[PDB]
Amino acid sequence: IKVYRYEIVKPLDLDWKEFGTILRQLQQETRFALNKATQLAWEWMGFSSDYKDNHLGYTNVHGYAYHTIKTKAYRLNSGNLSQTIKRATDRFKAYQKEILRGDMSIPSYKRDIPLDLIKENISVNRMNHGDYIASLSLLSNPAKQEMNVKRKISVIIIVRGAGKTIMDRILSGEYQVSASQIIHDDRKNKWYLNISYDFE
Amino acid sequence: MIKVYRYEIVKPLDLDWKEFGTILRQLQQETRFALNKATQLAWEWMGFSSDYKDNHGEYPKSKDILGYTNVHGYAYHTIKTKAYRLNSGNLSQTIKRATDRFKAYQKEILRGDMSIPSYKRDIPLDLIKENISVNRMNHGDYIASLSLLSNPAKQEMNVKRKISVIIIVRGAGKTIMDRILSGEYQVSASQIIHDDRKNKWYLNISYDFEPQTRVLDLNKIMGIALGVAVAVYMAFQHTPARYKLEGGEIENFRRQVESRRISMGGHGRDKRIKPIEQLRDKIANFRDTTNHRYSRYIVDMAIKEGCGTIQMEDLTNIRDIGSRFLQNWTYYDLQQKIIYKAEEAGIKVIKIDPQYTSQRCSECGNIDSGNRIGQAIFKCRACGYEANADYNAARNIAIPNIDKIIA
RNA sequence: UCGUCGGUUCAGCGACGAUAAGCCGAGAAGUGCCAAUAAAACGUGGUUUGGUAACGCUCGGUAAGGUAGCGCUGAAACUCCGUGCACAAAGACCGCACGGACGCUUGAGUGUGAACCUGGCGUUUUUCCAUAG
DNA sequence: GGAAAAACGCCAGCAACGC
DNA sequence: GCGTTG
């Protein structure tokens, strides 16, 4: 259930300008969904005001927020958008009593946001040549029929030394990949992949 | 200009200390509530205005939706029910601070470069300038009378008038308070703060004052260099006088807290960390006192030589500032103290690019990387200039447009 | 050696405390742990409630200057003398003003020395451990 | 990795009128 | 002198 990051040198079938534009667009939609889910969690928990209610078939705040957000955040994969909205609504529910008491203001989210990835959308592969391919399902079908990306996005990851013990038990079958993220480092201009893994 | 002086509250006059402490803690809880709820209401108005411009076409008028020109006026009307114990002018100033911080930073908050500000537990108590009154008695006491409670809180706590405390007015605070009471200085909006180490309450008075007008020649410039063998070196172009600060006390304190940090359960996080924060607050207070001393010496040595302009480096793009003497200092704190004390003295502070400033010879201007040959001495090649490296650097700082001259 | 009080910070000095990097309470928001029960989203996923006291679990306690006893007198903290004014236990008193004598700093300021622009919020890296090359 | 600390950075420090 | 709103 622990994390290890793996720096991405390049995508295989793309250049570093198409892939970077795709990742900045996905970061914009991830931050939109994170802020809007906090607003809808504020509205759902009561909490609002008189001037907004003086101006639904959902069990929980996650489903209502998901079905509201998924129209405008259409470029993200649906499981990834669900994993993003779950993070925002669980952060609001873990902090709800201090928000009501006035020991805290609103939860907020930074610009250089991580991109979520459920375990159905992460693959890794070694070949006979020696490189390490991470296959990432990052887009939806209305986004893949418009950016004309044909397959899952395949990138090469630096697996050296300390993480090389970690990755092989992933490919053996001994480690299970949990939910991961794609993160960015602004000072290094470096994209990393925070692979979470399981052992019992 | 405006500065701050603190005064220690000895005792309340007509109350006991236990009731007075309970009242102060309750007003702290209400101040923190008011700050965090005003932040929440400003964020909610931001979201409502974005959704209104989406659904309608224009931004909504606050006076039609809320009933108020400002969101501060709506936040007062909301927060006033659960913050009924605060004095209403102090509550209005607190909500004004919260909504002004949210309003000034709204583009940075919308862009994601800044978080929405949350406010902490041990918060100061605001006091508008109409709620402060100090009086000196005939036997030498100083009474500060403070409006802290509302009209319901005075009835529920059995208080009839303002709360009067006794303050200690000694030293430079005697001079500040005597200039307050004669009208020469003017009180601004002030604070009640608390000190956990000594368990002391303080009246933190902000005062407006007009500084002393001098005659200083704007064409004379003093240059300040953060040396590698001494801490600060100061030089001039128009005069061969040179001043320096070396850290003997800095070098002594730096290993008397390194010889102490060589050795370094079940009742929470605030135990297991209580003796190390004493050492950390000691280090922070030492750096604050040292930066105040250094700043007063640097501005005093520019009053002495008639200079009207101070020039020093710019430390935002160096990244090897640990190679200087001081070695890990709060350089920003020192430079901000330099700036406000020079503005109070009448001197302009101009930060310049430290392009090379240690390879240039300061007598002709030839830049060679092999000029300094051992980190204390400076040898030129084109004129044979023999100097101290920090003095040569400080003399290179004191030239009026040296950052354009080098590059 | 570390700390407490002597107006604020750093240092000194006087007087004290110390196994204080100690010792003890209560409580249950969270990370575990144990029981059940398992939503949203696309078999995967992980939900909701209760208990438990292990916790860098939560909120607190716990040492540290001195002071005159018959409504008056006036004792006691960082130089002395005088004259006033104010003060009977104190988290709260040991102070203030004026005059002088002795110093100190550069005729004034000063009375242990130097200094005395803070508070709030944000950011991002650096520490410190754990870990593996 | 985790979980915090500390250096860097910025700005304020209300006003007018009514009971 | 506090309370409310620009």
Side-chain angles (χ1 to χ4, degrees), chain A residues 2-5 58-60 62-63 66 78-79 81-83 85-86 94 97 118-120 160-166 187, chain B residues 2-8 10-12 16-18 68-70 72-73 76-77 80 87-89 92-93 96-97 100-101 104-105 108 113-115 117-120 123-124 128-131 137-141 147 150-151 162 166-173 188-191 193 199-200 202 204 206 208 249 253 260 263-264 266-276 278 280 282 284-286 288-290 292-293 296 316 328 330-333 337 340:
Chain A
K2 208 150 97 169
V3 197
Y4 203 94
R5 76 169 55 181
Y58 297 112
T59 302
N60 43 6
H62 180 93
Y66 177 81
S78 296
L81 182 77
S82 181
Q83 194 40 246
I85 289 172
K86 192 188 176 258
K97 271 192 268 278
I118 62 179
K119 68 164 271 182
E120 315 174 30
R160 82 177 62 241
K164 199 170 181 313
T165 309
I166 298 298
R187 68 169 184 171
Chain B
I2 170 167
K3 279 193 314 202
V4 167
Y5 209 85
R6 76 178 46 180
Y7 298 94
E8 183 211 315
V10 196
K11 55 146 164 173
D16 204 77
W17 252 119
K18 187 176 179 181
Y68 289 104
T69 300
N70 301 115
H72 157 77
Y76 177 86
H77 184 68
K80 176 188 59 177
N87 186 81
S88 45
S92 184
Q93 177 71 241
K96 191 102 178 157
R97 290 187 187 278
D100 279 0
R101 182 169 282 119
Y105 283 123
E108 281 99 320
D113 299 299
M114 196 187 143
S115 277
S118 281
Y119 294 90
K120 63 169 175 162
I123 197 70
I128 69 183
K129 91 184 72 161
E130 292 88 15
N131 297 341
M137 310 272 104
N138 285 318
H139 57 275
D141 264 355
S147 309
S150 53
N151 279 329
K162 306 179 70 163
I166 289 184
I167 42 173
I168 302 168
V169 179
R170 282 176 205 163
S188 285
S190 295
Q191 283 172 332
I193 58 167
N199 192 22
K200 286 198 196 219
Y202 293 97
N204 219 12
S206 298
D208 274 300
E249 73 281 347
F253 182 83
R260 203 194 144 188
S263 197
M264 293 180 72
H267 292 268
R269 209 207 297 192
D270 204 2
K271 209 178 188 297
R272 310 336 268 174
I273 74 170
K274 64 183 179 68
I276 192 69
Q278 287 178 15
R280 293 161 165 180
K282 168 201 276 185
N285 288 319
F286 176 79
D288 204 55
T289 310
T290 307
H292 266 121
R293 281 159 180 163
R296 195 30 75 190
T316 66
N328 264 315
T330 47
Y331 305 101
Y332 175 79
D333 182 42
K337 277 154 176 182
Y340 89 88

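Per chain, numbering begins at 1; letters A, B, ... match sequence-line order.
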**Request:** Dump the intermediate steps for side-chain contact (heavy atoms from CB on, under 4.5 Å) on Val4(B) and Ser206(B), then the final yes or no.
**Result:** CA-CA 4 Å; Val4(B) 167; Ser206(B) 298; 3.3 Å; yes
**Message:** Quick one, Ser188(B) with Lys129(B), criterion side-chain contact (heavy atoms from CB on, under 4.5 Å). Give me CA distance, side-chain angles, the key distance, then yes/no.
**Reply:** CA-CA 5 Å; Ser188(B) 285; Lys129(B) 91 184 72 161; 5.8 Å; no
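Base pairing analysis places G60(C) opposite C24(C); the two distances defining the Watson-Crick or G-U wobble pair are each below 3.5 Å. Judged by Watson-Crick or G-U wobble contacts below 3.5 Å, the nucleotide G99(C) has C81(C) as its partner. Pairing for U67(C) is absent, with no Watson-Crick or G-U wobble pair whose two atom distances lie under 3.5 Å. Using the Watson-Crick or G-U wobble rule with both distances under 3.5 Å, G3(C) pairs with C16(C). Shown here, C104(C) forms a base pair with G109(C); the pair counts as Watson-Crick or G-U wobble because both key distances fall under 3.5 Å. Base pairing annotation: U44(C) forms a Watson-Crick or G-U wobble pair with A41(C), both donor-acceptor distances under 3.5 Å. Across every strand in view, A53(C) sits unpaired, with no contact that passes the Watson-Crick or G-U test at under 3.5 angstrom. Of the nucleotides present, none pairs with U73(C) by Watson-Crick or G-U wobble criteria with both distances under 3.5 Å.
Annotation: side chain of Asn87(B) is not in contact with side chain of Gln93(B) (no heavy-atom distance under 4.5 Å).
Annotation: the terminal axes of the helix from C117(C)-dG13(D) to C129(C)-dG1(D) meet at 30°, where each axis is the rotation carrying the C1' atoms of four end pairs onto the next four (5 pairs per end, rounded to 10°).
Both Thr316(B) and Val3(A) sit near DNA chain D, but only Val3(A) has its closest nucleotide nearer the 5' end. Heavy-atom nearest nucleotides on RNA chain C were determined for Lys119(A) and for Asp288(B), and the one closer to the 5' end corresponds to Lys119(A). In this structure, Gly266(B) and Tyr202(B) both approach RNA chain C, and ranking their closest nucleotides by distance from the 5' end singles out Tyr202(B).
Stacking between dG13(D) and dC14(D) is absent, since the six-membered rings do not have centres under 5.5 Å apart together with planes under 30°. Between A26(C) and its strand neighbour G27(C) the base rings stack, satisfying centres under 5.5 Å and planes under 30°. Base stacking between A18(C) and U19(C) is absent, since the six-membered rings fail either the under 5.5 Å centre distance or the under 30° plane angle. Neighbouring nucleotides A86(C) and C87(C) stack on each other, with six-membered ring centres less than 5.5 Å apart and ring planes inclined by less than 30°. Here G46(C) and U47(C) show unstacked bases; the six-membered rings are not both centred less than 5.5 angstrom apart and angled under 30°.
Judged by the sign of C1'-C2'-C3'-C4', the furanose ring of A20(C) adopts a south, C2'-endo-like conformation. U44(C): sugar pucker north (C1'-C2'-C3'-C4' torsion positive). Evaluation of the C1'-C2'-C3'-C4' torsion of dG13(D) gives a positive value and hence a north sugar. A positive value of the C1'-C2'-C3'-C4' dihedral assigns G43(C) to the north, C3'-endo side. With a negative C1'-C2'-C3'-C4' torsion, the sugar ring of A28(C) falls in the south range.
Side-chain atoms of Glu120(A) lie closest to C42(C) of the nucleotides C42(C), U118(C), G7(C).
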**Request:** Using a 4.0 Å cut-off on protein heavy atoms (strictly under), produce a 5'-to-3' string for nucleotides 120-133 of chain C with B for base contact, S for backbone-only sugar-phosphate contact, and - for none.
**Result:** BSSS-S------SS
**Item:** Summary of protein contacts for nucleotides 1-6 of chain E, nucleotide by nucleotide, where a base hit scores B, a sugar-phosphate-only hit scores S (4.0 Å, heavy atoms)
**Value:** SSBBBB
**Request:** Between protein and nucleotides 85-92 of chain C, map the contacts as a letter string: B base, S sugar-phosphate only, - none, heavy atoms under 4.0 Å, written 5' to 3'.
**Result:** -S----BB
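Below 30°, between 30° and 60°, or above 60°: for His62(A) and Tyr66(A) the angle between ring planes is below 30°, a parallel geometry.
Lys337(B) has no side-chain polar atom (N or O) that falls below the 4.0 Å cut-off from OP1 or OP2 of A115(C). For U62(C), the OP1/OP2 oxygens have no side-chain nitrogen or oxygen of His267(B) closer than 4.0 Å.
In terms of the ring-ring contact (aromatic ring centres under 6.0 Å, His included) criterion, residue partners of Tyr4(A) (sequence neighbours excluded) are, by chain and number, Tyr6(A). Shown here are the salt bridge (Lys or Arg N to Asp or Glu O under 4.0 Å) partners of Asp141(B), two or more places apart in sequence or in another chain: there are none. Under the ring-ring contact (aromatic ring centres under 6.0 Å, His included) criterion, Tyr58(A) pairs with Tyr64(A), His67(A), sequence neighbours left out. In this structure, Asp100(B) has no salt bridge (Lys or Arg N to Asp or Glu O under 4.0 Å) partners at least two apart in sequence or on a different chain. Contacts of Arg260(B) classified as salt bridge (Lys or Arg N to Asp or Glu O under 4.0 Å), with partners at least two apart in sequence or in another chain: none. Remark: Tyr105(B) pairs with no residue by the ring-ring contact (aromatic ring centres under 6.0 Å, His included) rule, at least two apart or across chains. Under the rule for a salt bridge (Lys or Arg N to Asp or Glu O under 4.0 Å), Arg101(B) has no partner lying at least two apart in sequence or in another chain.
Taken together, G7(C) and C13(C) do not constitute a Watson-Crick or G-U wobble pair, since the relevant N/O distances do not both lie under 3.5 Å.
On the nucleic acid side, DNA chain D has its first and last nucleotide under 4.0 Å of a heavy atom of chain B at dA4(D) to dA15(D), going 5' to 3'.
Using a 4.0 Å heavy-atom cutoff across all strands shown, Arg272(B) reaches at least one base atom of the nucleic acid.
Distance, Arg280(B) CZ to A21(C) P: 15 Å, rounded to whole Å. One interatomic measurement links the two molecules: NZ of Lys274(B) to P of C2(C), which rounds to 17 Å at whole-angstrom precision.
Between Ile123(B) atom CD1 and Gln191(B) atom CD the span is 8.5 Å, to the nearest 0.5 Å. Going from atom CZ of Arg6(B) over to atom CD1 of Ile193(B) covers 4.0 Å, rounded to the nearest 0.5 Å. How far CG of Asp288(B) is from CZ of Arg293(B): 11.0 Å, rounded to the nearest 0.5 Å.
With hydrogens and angles ignored, a donor-acceptor pair under 3.5 angstrom links the side chain of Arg293(B) to the base of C10(C).
No donor-acceptor distance shorter than 3.5 angstrom exists from the side chain of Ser92(B) to the backbone of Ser88(B), with no hydrogens or angles considered.
Applying the 90° criterion around 0 to the glycosidic angle, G122(C) comes out anti.
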